[PDB]
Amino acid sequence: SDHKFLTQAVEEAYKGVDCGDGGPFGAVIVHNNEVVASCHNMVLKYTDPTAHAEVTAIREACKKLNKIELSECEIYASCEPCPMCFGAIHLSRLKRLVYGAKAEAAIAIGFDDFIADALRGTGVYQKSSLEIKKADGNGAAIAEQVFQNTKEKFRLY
């Protein structure tokens, strides 16, 4: 189940790059193996630097379910969520995060060294409790490949 939804997030990333919506990032929120939201980065489309894939997916899942908390839901991010997105994931009460590529994969192609301490376990004032899985094997390979494949197909932000 994990690989399917992670691959869908990666496809969202590729799609958003292709249509010019934003950068190569995708996010899928699921409820017991039913997709509640499927999104990619919309910063360029919306002129909104907060419209990362994860924040967009959280907003859409919360509208779909008509509530502000997603405690029964899990999120799949093609790349390690940034500090803003990890904070948003905390506020939304999502119970589990699965992510594909480490943030260094995005940094290597020109994005900010902008890494969430609370996700990596080095936070002091921010302590996450949600379950977190870094993908291995084929999932990690696909997710990492995203940034090589899309290298100069999009405008950096």
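What we label the rigid core is the largest C-alpha set whose atoms superpose within 1.5 Å from one form to the other. Numbering starts at 1 and runs along the sequence shown.
Practice task
Once the rigid core is lined up, would you tell me whether 145-153 or 11-19 has the higher RMS CA deviation in 7 other deposited structures of this protein?
Solution key: Greater root mean square C-alpha distance in 7 other deposited structures of this protein: 145-153.
Exercise for the section: Determine, for 89-97 and 122-130, which one has C-alphas that on average lie farther from this form in 7 other deposited structures of this protein; superpose on the rigid core first. Expected result: When 89-97 and 122-130 are compared in 7 other deposited structures of this protein, the bigger C-alpha shift is seen for 122-130.
Exercise for the section: Tell me which of 9-17 and 138-146 has the higher mean C-alpha B-factor in the deposited entry. Expected result: Per the deposited B-factors, the answer is 138-146.
Practice task
Could you check the entry and say whether 54-62 or 101-109 has the higher mean CA B-factor?
Solution key: Between 54-62 and 101-109, it is 101-109.
Problem - Per the PDB entry, maximal CA B factor within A116, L130, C39, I68 - result: Out of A116, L130, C39, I68, the record gives the largest C-alpha B-factor to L130.
Exercise for the section: Using the B-factors in the PDB entry, rank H31's C-alpha atom against the chain and give the third, lowest, middle or highest. Expected result: As the PDB entry reports it, the C-alpha B-factor of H31 lands in the highest third of its chain.
Problem - Third assignment of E80 from its chain's C-alpha B-factors - result: It belongs to the lowest third of the chain when residues are ordered by C-alpha B-factor.
Handout entry: Assigned third (lowest, middle, highest) for the C-alpha B factor of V124
Key = Answer is highest: the recorded C-alpha B-factor places it there.
Problem - Record-listed C-alpha B factor of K45: chain third - result: Within its chain, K45 is a lowest-third residue by C-alpha B-factor, going by the deposited values.
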